[PDB]
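Derivation of every value follows stated rules applied to the coordinates shown; laboratory data play no part. Reconstructed Cβ throughout: ideal geometry from the backbone, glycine too, with neighbour counts over all protein chains shown.
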Amino acid sequence: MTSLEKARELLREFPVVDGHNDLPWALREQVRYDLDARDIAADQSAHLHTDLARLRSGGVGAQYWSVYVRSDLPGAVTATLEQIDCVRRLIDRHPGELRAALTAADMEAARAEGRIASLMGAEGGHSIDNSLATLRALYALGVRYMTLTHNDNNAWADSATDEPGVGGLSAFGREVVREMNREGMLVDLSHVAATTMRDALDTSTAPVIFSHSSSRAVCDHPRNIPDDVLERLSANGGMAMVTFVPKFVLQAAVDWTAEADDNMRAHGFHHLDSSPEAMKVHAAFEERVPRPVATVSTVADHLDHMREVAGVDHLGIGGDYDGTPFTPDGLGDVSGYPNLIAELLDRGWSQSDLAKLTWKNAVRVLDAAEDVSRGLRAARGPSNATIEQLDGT
Ligand SMILES: N[C@@H](Cc1ccc(O)cc1)P(=O)(O)C[C@H](CC(=O)O)C(=O)O
Ligand SMILES: [Zn+2]
Ligand SMILES: [Zn+2]
């Protein structure tokens, strides 16, 4: 059979655990959670990267659904609860296809019955409003990882896409990591500064993840992971879930985006300005310089290097579907994963290597978080500390 046919066979046995899909935010923005208007039991290819049929075609067996909210707007906690509610509603609406999962055992139970294990990950520490009790409430509601920042610093952690702030984690930031370890919530180091990555690895007594980050050695961008950090994953026991975002994984797209951003500033606009006037400027840039397009090969280049440095036991996949506008050719929506698996087969990845990448590493890591949590919950009570106490007024 072809490598694509073999890939589909392999995914039927050990499907993809995807680290980060922003369907909930997409539903919030497109239809304010009017789920009938974007029914994922129907074909949503006109509007979304994600629906149930395409997930099945793609060999997705578990999904961390992102409960991302904007850090630059007030009411992040309320919005996070709305995002969690959206995930709960999706699970309730589609019991034939989805099964809530809170544990590694739930993931295996879902796989045994042919349902997609549906987990939640918060995207940015702003979702806890500097409150450890709020962190504990998010865990109680089912959140199983939290990205420590999004694109901006928060009071206790530095983002890769902001200026230096506290220098990594503050004292309260370390306290957040400790409490995540005690609860069993995975520490997610996507988005954070390299300083923050190192501080989190120093502090964490559980395996950490990167829910959607690729390799900085392959493509120098702050959203990607440095080799020295990848090297620490074996010891930590965690995993880096490669992402598909072209402006992170393809050198030409990194360079193009930098030039587009410079061009915006040359016209007196902030690079994130989305006014009609700013859009005119950007359209003119794209007219003279077309947007480069990544491929499955681009993503495989990241995985090859990540495998060399981190090891095959420390890799996963986090596509970022419905969280980013552009995709590599062959990975245009959630049905695309078999194309990546086929490319890896062609590059000599073994069947067991691939079962680790798709399924086994993610289950091991969540189980490890549970194991560390058992020990810490038995050893001490929850923290009552405040940011004022640990970081000063
Ligand atoms: N949650 C998404 C951001 C978002 C998307 C849409 C929206 O209205 C607001 C925020 P993201 O962080 O998952 C995607 C980002 C790359 C990109 O911007 O393309 C990255 O991961 O680094
Ligand atoms: Zn992100
Ligand atoms: Zn996201």
*Could you check, for segment 260-274, whether at least one of its residues is in a loop (DSSP other than H, G, I, E, B), more than 22 Å from residue 152 (Cα to Cα) and within 16 Å of ligand 1 (Cβ to nearest atom)?*
no
*What residue, of 234, 211, 127, is over 25 Å from residue 375 (Cβ atoms) and in contact (Cβ under 8 Å) with a residue 60 or more places away in the chain?*
127
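Quick one: in segment 148-175, of everything that is among the small types (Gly, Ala, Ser) and crowded, with 24+ Cβ neighbours inside 10 Å, which residue is nearest to ligand 3 (Cβ to nearest atom)? Walk me through it before giving the result.
Here is the first cut: in segment 148-175, the residues among the small types (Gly, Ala, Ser) are 155, 157, 159-160, 165, 167-168, 170-171, 173.
With crowded, with 24+ Cβ neighbours inside 10 Å added as a condition, the list becomes 157, 159, 173.
Details: 157: 17, 159: 13, 173: 21 Å.
Looking at residues that are among the small types (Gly, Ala, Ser) and crowded, with 24+ Cβ neighbours inside 10 Å, I get 159.
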_Test: residue in segment 176-193 that is under 28 Å from residue 332 (Cα atoms), without any contact (Cβ under 8 Å) to a residue 60 or more places away in the chain and surrounded by fewer than 21 Cβ atoms within 10 Å (Cβ to Cβ)_ = no
*Do you know which of the residues in segment 145-165 that are in contact with a helix residue (DSSP H, G or I) (Cβ under 7 Å, 6 or more places away or on another chain) and free of Cβ contacts under 8 Å to residues at least 40 places away in the same chain is farthest from residue 366 (Cα to Cα)?*
158
*Among the residues of segment 381-393, which ones are surrounded by 13 or more Cβ atoms within 10 Å (Cβ to Cβ) and in a loop (DSSP other than H, G, I, E, B)?*
382, 383, 385, 386
*Give the residues of segment 279-323 that are touching a residue at least 40 places away in the same chain (Cβ under 8 Å), of a type in the set (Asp, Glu) and more than 16 Å from ligand 2 (Cβ to nearest atom), sorted by residue number.*
301, 304, 313
*Could you please let me know if residue 343 is on the phi < 0 side of the Ramachandran plot, surrounded by fewer than 14 Cβ atoms within 10 Å (Cβ to Cβ) and away from ligand 2 (no atom under 16 Å from the Cβ)?*
no
*Those residues that are more than 16 Å from ligand 2 (Cβ to nearest atom) and touching a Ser or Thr at 6+ places or on another chain (Cβ under 9 Å), I need them from segment 227-250; list them, please.*
227, 230, 236, 238, 250
*Of the conditions (1) more than 16 Å from ligand 3 (Cβ to nearest atom); (2) assigned to a helix (DSSP H, G or I), residue 248 clears all except one; give me its number.*
(1)
*All positions within segment 282-327 that are among the β-branched types (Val, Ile, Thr) and under 19 Å from residue 254 (Cα atoms)*: 289, 293, 295, 296, 298, 299, 324, 327
_For residue 48: the one exception among (1) more than 16 Å from ligand 3 (Cβ to nearest atom); (2) touching a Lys or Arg at 6+ places or on another chain (Cβ under 7 Å); (3) under 22 Å from residue 99 (Cα atoms)_ = (1)
*How many of the residues in segment 88-124 are within 16 Å of ligand 2 (Cβ to nearest atom) and not in a strand (DSSP E or B)?*
1
*1 or more residues out of contact with any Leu (no Cβ under 7 Å at 6 or more places or on another chain) and among the polar types (S, T, N, Q): qualifying helices (runs of 4 or more DSSP H) within segment 129-215*: 132-141, 194-203
